[PDB]
Amino acid sequence: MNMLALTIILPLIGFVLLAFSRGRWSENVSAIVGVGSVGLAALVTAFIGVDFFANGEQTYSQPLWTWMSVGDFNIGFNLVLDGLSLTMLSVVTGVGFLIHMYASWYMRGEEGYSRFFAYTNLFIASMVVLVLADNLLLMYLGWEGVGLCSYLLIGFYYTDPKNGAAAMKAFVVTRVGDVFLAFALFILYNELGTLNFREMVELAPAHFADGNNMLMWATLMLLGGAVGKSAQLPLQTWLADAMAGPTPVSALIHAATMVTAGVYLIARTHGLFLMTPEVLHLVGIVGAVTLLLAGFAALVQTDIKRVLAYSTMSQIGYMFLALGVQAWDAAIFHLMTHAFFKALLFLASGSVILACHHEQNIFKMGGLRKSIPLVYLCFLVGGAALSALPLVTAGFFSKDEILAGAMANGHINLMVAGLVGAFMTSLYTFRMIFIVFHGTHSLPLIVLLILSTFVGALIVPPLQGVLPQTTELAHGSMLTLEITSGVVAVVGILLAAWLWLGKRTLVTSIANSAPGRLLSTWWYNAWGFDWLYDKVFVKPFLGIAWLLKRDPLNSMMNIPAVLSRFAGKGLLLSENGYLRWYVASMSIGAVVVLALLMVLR
Amino acid sequence: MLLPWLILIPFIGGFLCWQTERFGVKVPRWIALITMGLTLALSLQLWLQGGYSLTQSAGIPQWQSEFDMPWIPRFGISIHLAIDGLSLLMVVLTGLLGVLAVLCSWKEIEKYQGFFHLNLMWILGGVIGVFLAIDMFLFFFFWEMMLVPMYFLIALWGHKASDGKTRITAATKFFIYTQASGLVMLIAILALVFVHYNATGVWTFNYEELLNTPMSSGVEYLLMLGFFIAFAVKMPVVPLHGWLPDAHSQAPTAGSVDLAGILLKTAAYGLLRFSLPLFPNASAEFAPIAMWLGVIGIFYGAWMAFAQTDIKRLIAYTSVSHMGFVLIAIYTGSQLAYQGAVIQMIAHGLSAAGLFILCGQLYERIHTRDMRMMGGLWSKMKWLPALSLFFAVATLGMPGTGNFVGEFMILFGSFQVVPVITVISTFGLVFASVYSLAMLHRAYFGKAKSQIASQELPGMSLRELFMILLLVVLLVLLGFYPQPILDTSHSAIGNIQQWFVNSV
Ligand SMILES: CCCCCCCCCCCCCCCCCC(=O)OC[C@H](COP(=O)(O)OCCN)OC(=O)CCCCCCCCCCCCCCCCC
Ligand SMILES: CCCCCCCCCCCCCCCCCC(=O)OC[C@H](COP(=O)(O)OCCN)OC(=O)CCCCCCCCCCCCCCCCC
Ligand SMILES: CCCCCCCCCCCCCCCCCC(=O)OC[C@H](COP(=O)(O)OCCN)OC(=O)CCCCCCCCCCCCCCCCC
Ligand SMILES: CCCCCCCCCCCCCCCCCC(=O)OC[C@H](COP(=O)(O)OCCN)OC(=O)CCCCCCCCCCCCCCCCC
Ligand SMILES: CCCCCCCCCCCCCCCCCC(=O)OC[C@H](COP(=O)(O)OCCN)OC(=O)CCCCCCCCCCCCCCCCC
Ligand SMILES: CCCCCCCCCCCCCCCCCC(=O)OC[C@H](COP(=O)(O)OCCN)OC(=O)CCCCCCCCCCCCCCCCC
Ligand SMILES: CCCCCCCCCCCCCCCCCCCC
């Protein structure tokens, strides 16, 4: 241990070195600096994990300094380490190192190579700050950091203005989420006097014995921040547009760091959520509805990256569903396995895009299983893990644990929502696979291939002691749940093979129909949330900005000068230069003075 | 005893800058640099010897250092200076920005350069005198004294690409705004002095003795309104903000003049020192109006900043929104919100200084301020777009920079006092991110929208780059370790807050 600060400092050193190099170094030097900073962070994480299991999995604390201290407002700069923090840190550092090695191969010959690796190193450092933070304000520092690095990396190809627009949209939506999280922080400090997670959990039951309304508001605002960063309802509109950057950026955001921040926030603050059961059930409802909507929207996309983006939305909805049914271990396990297979899928799609050119539509390319066999194998394994094929994929066991936790807590509607989502997940995943692929052994790809199978399911996160144990289902109930999930996934794969593999008469007949066209247009535009948010926020903001572009308050403060100039021009008419008028004005003034004196008396 | 020299070294330095122009045309910049460095060194020595971190709050008055000398004994007027933690932080900040303003005027060597440096030094000495004076007439004298060198800098040395009459119009608007608000403050000062004279029988303009003057609620409200109008012009508070973007846009295009005269916020200090202690009941009754004016300032400044096609006006309206946050912080009764206001004032000084220096460098490279004529400048310049990205990120309210620390401590304390206003102000933070990203997208990202942007531009010099990097380091250190600043201002802030809440 005593090296968590090293796991933060090494990506920070990489970011500073690669930023101030500003492209002067060779690509080998910048590559080894960035990839080696992330790799040394991963190696220190491995040493930390070995030391953590060497003891009795006890929670370690490393207080660096005191951030701010105004009266009772004492925010410390401290790092913590438990099973949840170790799991998140290992996932972030390991998957980030694999993505960094792939990007070292992949970004060769690109402008801003060192800038790309500086931004990814700062991304990794911000995510490590987010997961290792002892309190809520240091966590907020990491939260904003991952939002900023997402803005910098999504709009990496800055010459295309659409990439910049996508990055700006992502940053603004996640900053609305940050505002919700800040509301949670303000409520929790005003009620409990601290932002430390352990101290907040200890002091929450004593303070809210009479009224629970402010704790409900705090947990609702925590949920708002979590759905902002993890792209859930109602703040999911940025993730689909965020595919403008390089494919390592998409892999990093969708697997390693950014979308897993909301799940970590809900799981870390579970002591506060258990005291507000309605808000936790609302987390489950948000996850179920988000996974259903993402499964609907992913079925009609014409691009691989958009299919994978709505797949990421669906899987994060599964994690939120697991959190809402108080299956915390299943949520973190599914987070780890989804990080594995979604990193694999994004790197394989990047290899597809690099092998092809011009970013062709999925209906353009076809029969690609013979052109690229190994990329087809990587896509096949990643889609099998995403579709939760039984007994060979880690996603099968992850979704099985999520559904078992949903069953054991008496949540039947969330269980059937998860089953429908798994069926649709298999449907859209093998729809994309059978449309694209029908009709050189890099090390990170092989590692993610191994981790996407049951080998990744063999890894058990050390959450016993941090998160409460999920209630155990009966053996017959868990057996019939395994059977039901397996047959649902299998008939999903087979129905996808019957529809899109072949002549495709039936799917074209459905799509060319008027209800088919209406549903395809509705689901393609992410259920119209982009349109609604544009018309409700973006259009009136631009309208007020146009209305105010010539400062109105400045003009209504300028109008005394206008009145003064007008009054001066009016008074200058008495200076006509006529002596008889001057005598007359003197006599008028004499009349006025005498009349005023007689009136006043 | 060092406070009179803190005011006098800028004045003597400006006089020597004017006089030593005959010895050489590139001489007075060194004299200005030496005298601003001497002022900064004396401020740092007062910081080190003051022991502000170990000082406990004992009630107003409580001065770390003091100086008194009779000036107009007929009215009980004396040159009366005093320094505590808040004034010391402001004096160190204006010394640092004065050094930056001298360095930013380097390599601009024309005729009557010594008079330019004289005007700069007199502005800086007037700002320091505002921060140090603790009697009403001397405070008003320093408050109005800065406006003449500022007026002549804007009107005569201003933006050379303008019509010439626009600079005079902007300078005249600035001067009329600030001097009329000052006259309203002088009326409030005189009426307070006469109320004290009728209550006691002795003439005084001393701030220590004018405290606890017995007066009715209406008279106290009127005196508070006069003080607030004077501070609200220079804060700026909407709708009295209109002088500020015109003064920034028509300022001398080095950008040094902004840092010297427009960038610093003596009005928040004025509210803290002379509004809450002198009229605590009136400030307590006025607090809802001032906080709603702050909310309107935040959102109006953000909306105005988004709608600009000029970079300098965008930064000016950014300043308007940040000062709306500070104005919300001042009229709460929180020590935490006051410390956040202090941190936010210092952080706004550093970040706005960086933004204005970078805008001046960009304008001297591309000879236009219209963002519709520039674009894709990340690929054409070496250092400027990345540092501009950092400073826009800082003004956005980014953690790791001191703007976040100040703004979030303001919001924490304000939520403890007024929750609804805090909710609306955090959505104002969202609007701040919107305009910062809009400026970055319009200026440095995309395709070049004109022929001047489709060229390789010369890189920044070592001097400009090193002073920008100094500002970057100071903002980062203030974001990650703000504790020395908080320990410096803690005793003075506690005195102000305990005077404000115990008398209501
Ligand atoms: C902290 C852990 C994580 C927790 C969350 C934290 C979130 C907030 C972090 C904020 C950091 C700043 C982010 C915004 C600025 C990014 C600057 C940037 O993009 O730099 C890249 C750029 C090189 O890009 P390139 O295109 O190759 O070159 C330009 C063309 N020649 O670089 C350059 O051109 C040169 C460098 C420009 C400025 C870089 C950033 C300066 C601030 C950080 C380092 C400061 C110095 C270190 C010491 C601090 C004080 C002790
Ligand atoms: C969010 C990221 C995680 C944090 C690391 C990096 C943060 C940014 C680095 C630049 C700014 C650092 C500012 C703070 C430095 C340390 C402050 C300090 O000396 O604290 C005092 C403390 C002594 O302990 P104590 O007596 O308890 O003090 C309590 C405080 N009142 O002192 C100590 O205990 C010292 C402990 C060791 C600190 C080592 C820090 C090394 C940082 C290297 C970073 C390189 C890149 C910098 C730029 C990054 C981009 C912004
Ligand atoms: C309804 C219930 C659910 C509510 C959920 C919470 C709100 C979700 C909001 C999501 C929508 C955010 C959209 C942001 C898009 C930003 C990117 C973009 O489109 O940029 C375009 C434009 C760029 O600016 P410029 O550089 O001038 O462009 C050149 C060419 N156009 O830039 C712009 O046009 C700037 C657009 C700014 C939009 C500001 C949005 C403010 C959001 C406030 C949320 C309040 C939530 C609570 C509401 C009350 C509840 C009781
Ligand atoms: C579905 C997934 C999750 C989605 C996200 C989560 C749901 C979000 C729904 C709400 C939308 C965001 C607004 C959040 C406001 C939270 C306010 C709050 O918590 O206030 C606490 C405060 C406590 O006061 P209290 O202690 O009760 O006072 C009586 C004495 N005991 O309470 C009060 O003082 C009561 C009134 C508080 C103020 C309410 C209204 C504030 C203004 C909101 C404006 C929003 C739009 C801003 C637009 C800016 C300009 C465009
Ligand atoms: C206990 C429950 C157990 C599970 C029960 C079933 C759960 C739901 C399963 C839905 C999917 C069923 C599978 C078959 C239909 C979908 C596949 C299909 O045919 O897709 C065709 C087309 C998209 O395919 P595409 O590749 O674009 O076109 C071919 C290329 N030219 O597709 C389209 O263009 C649109 C196809 C629409 C298919 C029917 C959808 C029915 C649901 C509509 C919900 C509407 C919203 C909610 C209600 C609002 C109020 C009415
Ligand atoms: C060339 C054309 C253009 C230029 C010229 C335009 C006009 C310029 C002049 C404008 C100001 C007019 C006079 C305003 C002050 C009025 C004073 C007044 O009515 O006083 C009555 C009373 C005095 O107090 P009294 O009641 O005797 O106390 C003993 C027990 N209470 O007072 C009281 O009891 C207290 C009354 C408080 C409310 C009255 C003051 C209103 C001030 C308005 C401006 C400020 C508004 C708020 C802030 C906005 C942002 C700065
Ligand atoms: C330059 C030094 C590089 C050292 C790399 C060390 C790590 C091996 C390569 C990455 C493997 C990632 C595996 C992630 C597994 C996560 C398991 C979490 C368990 C809690």
# chains A, B, ... in the order shown; residues from 1 in each chain; ligands from 1
$ residues_around --residues "residue A:115" --least-positions-apart "5" --cutoff "10 Å" --atoms "only C-alpha atoms" --output "list in words"
residues 15, 18, 19, 20, 21, 22, 23, 30, 34, 120, 121, 152, 153 and 156 of chain A
$ select_by_dssp --residues "stretch 262-344 of chain B" --states "alpha helix (DSSP H)" --output "ChimeraX atom specification"
/B:266-274,280-306,311-330,335-344
$ residues_around --residues "residue A:250" --least-positions-apart "2" --cutoff "9 Å" --atoms "only C-alpha atoms" --output "number ranges by chain"
A: 154, 242-248, 252-255, 305, 309, 343, 346-347
$ interface_residues --of "chain B" --to "chain A" --cutoff "8 Å" --atoms "only C-alpha atoms" --output "PyMOL selection string"
chain B and resi 238-242+303-304+306-308+335-336+339+376+398-400+411-412+415-416+423+426-427+429-430+433-434+437+441+445-447+480-483+486+490
$ write_last_selection --atoms "N, CA, C and O atoms" --output "compact mmCIF listing (two decimals), in the first residue's frame"
# COMPACT_ATOMS: atom_id res chain seq x y z
N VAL B 238 -25.67 44.76 -12.21
CA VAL B 238 -26.61 45.19 -13.25
C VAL B 238 -27.71 46.04 -12.62
O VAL B 238 -28.10 45.79 -11.46
N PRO B 239 -28.22 47.08 -13.29
CA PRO B 239 -27.89 47.53 -14.65
C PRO B 239 -26.74 48.53 -14.75
O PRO B 239 -26.57 49.13 -15.80
N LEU B 240 -25.97 48.70 -13.68
CA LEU B 240 -24.87 49.66 -13.65
C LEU B 240 -23.57 49.08 -14.19
O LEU B 240 -22.49 49.57 -13.85
N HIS B 241 -23.65 48.05 -15.02
CA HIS B 241 -22.49 47.34 -15.53
C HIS B 241 -21.99 47.86 -16.87
O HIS B 241 -20.91 47.45 -17.31
N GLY B 242 -22.75 48.74 -17.53
CA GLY B 242 -22.55 49.02 -18.94
C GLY B 242 -21.25 49.72 -19.28
O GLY B 242 -20.81 49.66 -20.43
N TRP B 303 -25.43 35.31 -20.38
CA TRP B 303 -26.13 35.46 -21.65
C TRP B 303 -25.46 36.51 -22.53
O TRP B 303 -25.36 36.33 -23.75
N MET B 304 -25.00 37.61 -21.94
CA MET B 304 -24.29 38.63 -22.71
C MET B 304 -22.95 38.11 -23.21
O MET B 304 -22.55 38.43 -24.34
N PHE B 306 -22.20 35.03 -23.96
CA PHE B 306 -22.40 34.10 -25.07
C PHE B 306 -22.63 34.84 -26.38
O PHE B 306 -22.18 34.39 -27.44
N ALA B 307 -23.32 35.98 -26.33
CA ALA B 307 -23.77 36.67 -27.53
C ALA B 307 -22.71 37.57 -28.15
O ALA B 307 -22.97 38.17 -29.20
N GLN B 308 -21.52 37.68 -27.56
CA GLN B 308 -20.50 38.57 -28.09
C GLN B 308 -19.77 37.92 -29.26
O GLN B 308 -19.53 36.72 -29.27
N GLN B 335 -19.46 32.91 7.45
CA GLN B 335 -18.01 33.00 7.36
C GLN B 335 -17.50 32.20 6.17
O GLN B 335 -16.54 32.61 5.50
N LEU B 336 -18.13 31.05 5.90
CA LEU B 336 -17.73 30.21 4.77
C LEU B 336 -17.96 30.90 3.44
O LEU B 336 -17.10 30.88 2.56
N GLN B 339 -15.33 33.70 3.07
CA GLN B 339 -14.04 33.16 2.66
C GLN B 339 -14.07 32.73 1.20
O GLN B 339 -13.09 32.92 0.47
N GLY B 376 -9.84 27.73 -35.92
CA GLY B 376 -8.79 26.76 -36.17
C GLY B 376 -7.42 27.23 -35.77
O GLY B 376 -6.43 26.83 -36.40
N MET B 398 -13.58 25.29 -12.78
CA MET B 398 -13.02 23.95 -12.82
C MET B 398 -12.30 23.62 -11.52
O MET B 398 -11.48 24.41 -11.07
N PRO B 399 -12.60 22.48 -10.91
CA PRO B 399 -11.80 22.01 -9.78
C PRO B 399 -10.35 21.77 -10.18
O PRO B 399 -10.07 21.30 -11.28
N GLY B 400 -9.44 22.10 -9.27
CA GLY B 400 -8.04 22.24 -9.59
C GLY B 400 -7.61 23.66 -9.81
O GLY B 400 -6.40 23.93 -9.86
N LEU B 411 -21.21 28.90 -2.59
CA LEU B 411 -22.47 28.18 -2.74
C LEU B 411 -22.80 27.35 -1.50
O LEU B 411 -23.97 27.25 -1.13
N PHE B 412 -21.79 26.78 -0.84
CA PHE B 412 -22.04 26.05 0.40
C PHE B 412 -22.62 26.96 1.48
O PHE B 412 -23.67 26.66 2.06
N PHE B 415 -26.12 28.26 0.46
CA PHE B 415 -27.15 27.24 0.64
C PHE B 415 -27.50 27.07 2.11
O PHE B 415 -28.67 26.81 2.43
N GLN B 416 -26.52 27.21 3.00
CA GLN B 416 -26.85 27.22 4.42
C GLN B 416 -27.72 28.42 4.78
O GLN B 416 -28.52 28.34 5.71
N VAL B 423 -29.51 27.41 -5.61
CA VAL B 423 -29.91 26.51 -6.70
C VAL B 423 -29.82 27.23 -8.04
O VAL B 423 -29.22 26.73 -9.01
N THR B 426 -26.16 27.86 -9.08
CA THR B 426 -25.46 26.70 -9.64
C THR B 426 -25.88 26.44 -11.09
O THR B 426 -25.05 26.03 -11.93
N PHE B 427 -27.14 26.70 -11.41
CA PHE B 427 -27.46 26.67 -12.84
C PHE B 427 -26.73 27.77 -13.60
O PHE B 427 -26.35 27.59 -14.77
N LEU B 429 -23.69 28.42 -12.98
CA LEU B 429 -22.43 27.73 -13.29
C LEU B 429 -22.52 26.95 -14.59
O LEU B 429 -21.55 26.90 -15.37
N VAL B 430 -23.66 26.29 -14.82
CA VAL B 430 -23.88 25.61 -16.11
C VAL B 430 -23.76 26.61 -17.27
O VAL B 430 -23.11 26.34 -18.30
N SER B 433 -20.14 27.43 -18.03
CA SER B 433 -19.51 26.43 -18.88
C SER B 433 -19.91 26.61 -20.34
O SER B 433 -19.09 26.44 -21.25
N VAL B 434 -21.18 26.98 -20.57
CA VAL B 434 -21.67 27.19 -21.93
C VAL B 434 -20.89 28.31 -22.63
O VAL B 434 -20.42 28.14 -23.75
N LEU B 437 -17.05 27.33 -23.28
CA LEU B 437 -16.91 26.44 -24.41
C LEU B 437 -17.26 27.12 -25.72
O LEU B 437 -16.66 26.80 -26.75
N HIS B 441 -14.66 27.26 -28.79
CA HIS B 441 -15.04 26.71 -30.09
C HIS B 441 -14.94 27.75 -31.19
O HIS B 441 -14.47 27.46 -32.29
N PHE B 445 -10.98 26.38 -32.41
CA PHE B 445 -11.32 25.08 -32.96
C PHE B 445 -12.13 25.25 -34.23
O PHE B 445 -12.86 26.23 -34.40
N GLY B 446 -12.00 24.28 -35.13
CA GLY B 446 -12.73 24.30 -36.38
C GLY B 446 -11.87 24.63 -37.56
O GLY B 446 -10.66 24.39 -37.55
N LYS B 447 -12.47 25.17 -38.61
CA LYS B 447 -11.75 25.63 -39.79
C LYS B 447 -11.54 27.14 -39.71
O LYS B 447 -12.31 27.86 -39.07
N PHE B 480 -5.60 23.87 -5.43
CA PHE B 480 -5.27 22.66 -4.69
C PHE B 480 -4.90 22.93 -3.24
O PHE B 480 -5.20 22.10 -2.37
N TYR B 481 -4.26 24.05 -2.94
CA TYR B 481 -3.89 24.40 -1.57
C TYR B 481 -4.28 25.85 -1.29
O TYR B 481 -3.43 26.74 -1.28
N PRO B 482 -5.56 26.11 -1.04
CA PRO B 482 -6.00 27.47 -0.70
C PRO B 482 -5.88 27.84 0.77
O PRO B 482 -6.32 28.93 1.14
N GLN B 483 -5.34 26.96 1.60
CA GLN B 483 -5.34 27.19 3.04
C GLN B 483 -4.55 28.41 3.51
O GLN B 483 -5.03 29.06 4.47
N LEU B 486 -6.89 31.38 3.14
CA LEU B 486 -7.99 31.31 4.10
C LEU B 486 -7.52 31.67 5.50
O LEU B 486 -8.21 32.39 6.23
N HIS B 490 -8.95 34.87 7.55
CA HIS B 490 -9.91 34.29 8.49
C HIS B 490 -10.29 35.25 9.61
O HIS B 490 -11.48 35.38 9.93
$ residues_around --residues "residue B:155" --least-positions-apart "2" --cutoff "8 Å" --atoms "only C-alpha atoms" --output "list in words"
residues 151, 152, 153, 157, 158, 164, 167, 168, 170 and 171 of chain B
$ residues_near_ligand --ligand "ligand 4" --cutoff "6 Å" --atoms "only C-alpha atoms and all ligand atoms" --output "list in words"
residues 217, 220, 221, 223, 224, 233 and 234 of chain A; 419, 420, 423, 424 and 427 of chain B
$ write_last_selection --atoms "C-alpha atoms" --output "PDB file, in the first residue's frame"
ATOM      1  CA  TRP A 217     -33.535  15.273  -1.612  1.00  0.00           C
ATOM      2  CA  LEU A 220     -32.364  12.248  -5.421  1.00  0.00           C
ATOM      3  CA  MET A 221     -29.662  14.762  -6.340  1.00  0.00           C
ATOM      4  CA  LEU A 223     -29.145  10.038  -8.532  1.00  0.00           C
ATOM      5  CA  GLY A 224     -29.308  13.096 -10.788  1.00  0.00           C
ATOM      6  CA  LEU A 233     -32.604   9.099 -18.122  1.00  0.00           C
ATOM      7  CA  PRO A 234     -33.114  11.967 -18.340  1.00  0.00           C
TER       8      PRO A 234
ATOM      9  CA  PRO B 419     -31.195  27.681  -0.659  1.00  0.00           C
ATOM     10  CA  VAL B 420     -33.267  28.857  -3.644  1.00  0.00           C
ATOM     11  CA  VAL B 423     -29.912  26.514  -6.695  1.00  0.00           C
ATOM     12  CA  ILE B 424     -30.355  29.205  -9.335  1.00  0.00           C
ATOM     13  CA  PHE B 427     -27.462  26.666 -12.841  1.00  0.00           C
TER      14      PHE B 427
END
$ decode --residues "stretch 26-40 of chain B" --atoms "N, CA, C and O atoms" --output "CSV table (one decimal), in the first residue's frame"
chain,number,residue,atom,x,y,z
B,26,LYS,N,13.7,53.8,-23.5
B,26,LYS,CA,13.4,52.5,-23.0
B,26,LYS,C,13.8,52.4,-21.5
B,26,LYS,O,14.0,51.3,-21.0
B,27,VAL,N,14.0,53.5,-20.9
B,27,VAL,CA,14.4,53.6,-19.4
B,27,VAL,C,13.1,53.4,-18.5
B,27,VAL,O,13.2,52.6,-17.6
B,28,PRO,N,12.0,54.2,-18.7
B,28,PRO,CA,11.0,54.2,-17.6
B,28,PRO,C,10.3,52.9,-17.3
B,28,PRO,O,9.7,52.7,-16.3
B,29,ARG,N,10.4,51.9,-18.3
B,29,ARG,CA,9.8,50.6,-18.0
B,29,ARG,C,10.6,49.9,-16.9
B,29,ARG,O,10.0,49.2,-16.0
B,30,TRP,N,11.9,50.1,-16.8
B,30,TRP,CA,12.7,49.5,-15.7
B,30,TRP,C,12.4,50.2,-14.4
B,30,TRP,O,12.3,49.5,-13.4
B,31,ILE,N,12.1,51.5,-14.4
B,31,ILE,CA,11.8,52.2,-13.2
B,31,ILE,C,10.4,51.7,-12.7
B,31,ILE,O,10.2,51.5,-11.5
B,32,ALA,N,9.4,51.5,-13.6
B,32,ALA,CA,8.1,51.0,-13.2
B,32,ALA,C,8.2,49.6,-12.7
B,32,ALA,O,7.6,49.2,-11.7
B,33,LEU,N,9.1,48.7,-13.3
B,33,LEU,CA,9.3,47.4,-12.9
B,33,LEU,C,9.9,47.3,-11.5
B,33,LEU,O,9.4,46.6,-10.6
B,34,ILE,N,10.9,48.2,-11.2
B,34,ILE,CA,11.5,48.2,-9.9
B,34,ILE,C,10.6,48.7,-8.9
B,34,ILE,O,10.5,48.1,-7.8
B,35,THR,N,9.8,49.7,-9.1
B,35,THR,CA,8.9,50.2,-8.1
B,35,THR,C,7.7,49.3,-7.8
B,35,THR,O,7.3,49.1,-6.7
B,36,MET,N,7.2,48.7,-8.9
B,36,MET,CA,6.1,47.7,-8.6
B,36,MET,C,6.7,46.4,-7.9
B,36,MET,O,6.0,45.9,-7.1
B,37,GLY,N,7.9,46.0,-8.2
B,37,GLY,CA,8.5,45.0,-7.5
B,37,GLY,C,8.8,45.3,-6.0
B,37,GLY,O,8.7,44.5,-5.1
B,38,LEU,N,9.2,46.6,-5.8
B,38,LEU,CA,9.3,47.1,-4.4
B,38,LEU,C,8.0,47.1,-3.6
B,38,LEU,O,8.0,46.7,-2.5
B,39,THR,N,6.9,47.5,-4.3
B,39,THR,CA,5.6,47.4,-3.6
B,39,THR,C,5.2,46.0,-3.3
B,39,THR,O,4.7,45.7,-2.3
B,40,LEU,N,5.4,45.1,-4.3
B,40,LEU,CA,5.1,43.7,-4.1
B,40,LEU,C,5.9,43.1,-3.0
B,40,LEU,O,5.4,42.3,-2.1
